[PDB]
Number of protein chains: 2
Amino acid sequence: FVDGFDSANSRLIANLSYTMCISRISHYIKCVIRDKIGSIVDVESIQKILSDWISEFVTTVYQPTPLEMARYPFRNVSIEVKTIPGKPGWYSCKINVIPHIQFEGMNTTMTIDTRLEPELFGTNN
Amino acid sequence: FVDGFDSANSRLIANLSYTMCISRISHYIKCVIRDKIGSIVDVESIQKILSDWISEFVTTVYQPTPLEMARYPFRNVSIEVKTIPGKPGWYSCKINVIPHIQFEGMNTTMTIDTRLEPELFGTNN
């Protein structure tokens, strides 16, 4: 792709390790929210239960060592649920998760600049 | 009857409890006004004596509890007396009383509208 964002999307989706994690959210929704299937809830209530959970797994700060940080898979999440017309008791969620992007490689160009410290190679001396 | 007023007339006349009350006015006229049978009185004077009495028994406001309100049987009354030709000392009254109409029953249609609060079922959301 040309657009940078689109190009990055496809790079994260191909990555298995994330779809393993995003899958674990499906095992949360269709598993736990089943309990409150009859309870009276709202657009603002489902956004609470579903967010209050995942919130303990999202950070920006990095912890020392890999293990102590891998506790936090995701970086940040949006959860915009909203009721639909017609069906009164039905809803339609739409989450979006940005996982902590892993290292994958890097190029590097070394060079003798001799321009960094001009005090040693400059004209004025 | 077709005419609504006429239909309501016959509904109140059949009602015994009123004819008991309207009867108590007859026991007032042919009983009390007998005192001033020889006194000099007028069309405007008989309308006073007969009205000043019944006036304490006519209201529109409702009192708490049934008993405290049943003190007032009638709602409103007209009293149009008028002298007749020929007989000078004779008159001819014509009162008309509307008693406090009692409860008698009611129908009721319950329904789930779902149109009362469109903020929850409307399209715009």
# chains A, B, ... in the order shown; residues from 1 in each chain; ligands from 1
>>> interface_residues(of="chain B", to="chain A", cutoff="10 Å", atoms="only C-alpha atoms", output="ChimeraX atom specification")
/B:114,120-125
>>> write_last_selection(atoms="N, CA, C and O atoms", output="PDB file, in the first residue's frame")
ATOM      1  N   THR B 114     -43.760   2.720  22.947  1.00  0.00           N
ATOM      2  CA  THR B 114     -42.402   2.770  22.413  1.00  0.00           C
ATOM      3  C   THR B 114     -42.220   3.976  21.492  1.00  0.00           C
ATOM      4  O   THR B 114     -41.298   4.013  20.683  1.00  0.00           O
ATOM      5  N   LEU B 120     -34.768   6.674  22.807  1.00  0.00           N
ATOM      6  CA  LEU B 120     -34.262   5.323  23.034  1.00  0.00           C
ATOM      7  C   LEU B 120     -34.549   4.381  21.866  1.00  0.00           C
ATOM      8  O   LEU B 120     -33.900   3.345  21.730  1.00  0.00           O
ATOM      9  N   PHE B 121     -35.523   4.742  21.034  1.00  0.00           N
ATOM     10  CA  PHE B 121     -35.964   3.874  19.942  1.00  0.00           C
ATOM     11  C   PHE B 121     -35.938   4.586  18.594  1.00  0.00           C
ATOM     12  O   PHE B 121     -36.254   3.991  17.563  1.00  0.00           O
ATOM     13  N   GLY B 122     -35.564   5.861  18.606  1.00  0.00           N
ATOM     14  CA  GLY B 122     -35.541   6.653  17.393  1.00  0.00           C
ATOM     15  C   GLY B 122     -34.364   6.295  16.511  1.00  0.00           C
ATOM     16  O   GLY B 122     -33.457   5.578  16.928  1.00  0.00           O
ATOM     17  N   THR B 123     -34.381   6.802  15.286  1.00  0.00           N
ATOM     18  CA  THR B 123     -33.322   6.518  14.330  1.00  0.00           C
ATOM     19  C   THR B 123     -32.040   7.237  14.728  1.00  0.00           C
ATOM     20  O   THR B 123     -30.972   6.628  14.800  1.00  0.00           O
ATOM     21  N   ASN B 124     -32.154   8.535  14.988  1.00  0.00           N
ATOM     22  CA  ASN B 124     -30.996   9.358  15.316  1.00  0.00           C
ATOM     23  C   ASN B 124     -30.358   8.948  16.637  1.00  0.00           C
ATOM     24  O   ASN B 124     -30.946   9.127  17.705  1.00  0.00           O
ATOM     25  N   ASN B 125     -29.152   8.397  16.551  1.00  0.00           N
ATOM     26  CA  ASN B 125     -28.413   7.967  17.731  1.00  0.00           C
ATOM     27  C   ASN B 125     -26.915   7.927  17.453  1.00  0.00           C
ATOM     28  O   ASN B 125     -26.489   7.972  16.300  1.00  0.00           O
TER      29      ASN B 125
END
>>> residues_around(residues="residue B:78", least_positions_apart="2", cutoff="9 Å", atoms="only C-alpha atoms", output="MDAnalysis selection string")
chainID B and resid 51 76 80 94:97
>>> atom_distance(atom1="atom CA of residue B:16", atom2="atom CA of residue B:2")
23.4 Å
>>> residues_around(residues="residue A:66", least_positions_apart="6", cutoff="12 Å", atoms="only C-alpha atoms", output="list in words")
residues 72, 73, 100 and 102 of chain A
>>> select_by_dssp(residues="chain A", states="alpha helix (DSSP H)", output="PyMOL selection string")
chain A and resi 4-13+16-32+43-54+67-70+118-121
>>> residues_around(residues="residue B:62", least_positions_apart="3", cutoff="12 Å", atoms="only C-alpha atoms", output="mmCIF file with C-alpha atoms, in the first residue's frame")
data_model
loop_
_atom_site.group_PDB
_atom_site.id
_atom_site.type_symbol
_atom_site.label_atom_id
_atom_site.label_comp_id
_atom_site.auth_asym_id
_atom_site.auth_seq_id
_atom_site.Cartn_x
_atom_site.Cartn_y
_atom_site.Cartn_z
ATOM 1 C CA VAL B 58 -73.070 24.251 46.667
ATOM 2 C CA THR B 59 -69.407 24.114 45.765
ATOM 3 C CA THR B 65 -62.058 12.378 52.188
ATOM 4 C CA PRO B 66 -65.593 11.589 50.998
ATOM 5 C CA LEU B 67 -67.471 12.566 54.142
ATOM 6 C CA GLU B 68 -65.953 16.039 54.390
ATOM 7 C CA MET B 69 -67.139 16.702 50.830
ATOM 8 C CA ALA B 70 -70.542 14.965 50.891
ATOM 9 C CA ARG B 71 -71.590 17.894 53.085
ATOM 10 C CA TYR B 72 -71.974 19.559 49.683
ATOM 11 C CA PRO B 73 -74.424 17.581 47.546
ATOM 12 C CA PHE B 74 -75.041 20.057 44.735
ATOM 13 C CA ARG B 75 -72.613 21.618 42.268
ATOM 14 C CA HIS B 100 -72.089 16.243 42.182
#
>>> residues_around(residues="stretch 104-109 of chain A", least_positions_apart="6", cutoff="12 Å", atoms="only C-alpha atoms", output="mmCIF file with N, CA and C atoms, in the first residue's frame")
data_model
loop_
_atom_site.group_PDB
_atom_site.id
_atom_site.type_symbol
_atom_site.label_atom_id
_atom_site.label_comp_id
_atom_site.auth_asym_id
_atom_site.auth_seq_id
_atom_site.Cartn_x
_atom_site.Cartn_y
_atom_site.Cartn_z
ATOM 1 N N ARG A 11 0.490 -5.174 8.356
ATOM 2 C CA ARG A 11 1.698 -5.726 8.947
ATOM 3 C C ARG A 11 1.398 -6.327 10.316
ATOM 4 N N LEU A 12 0.378 -5.786 10.972
ATOM 5 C CA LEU A 12 -0.005 -6.224 12.308
ATOM 6 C C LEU A 12 -1.031 -7.345 12.232
ATOM 7 N N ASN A 15 0.540 -10.634 11.608
ATOM 8 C CA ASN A 15 1.215 -11.086 12.819
ATOM 9 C C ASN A 15 0.296 -11.950 13.674
#
>>> select_by_dssp(residues="stretch 63-111 of chain B", states="strand (DSSP E)", output="PyMOL selection string")
chain B and resi 74-79+82-83+91-92+95-99
>>> closest_residue(among="B:89, B:119, B:98, B:110", to="residue B:38", atoms="only C-alpha atoms")
B:89
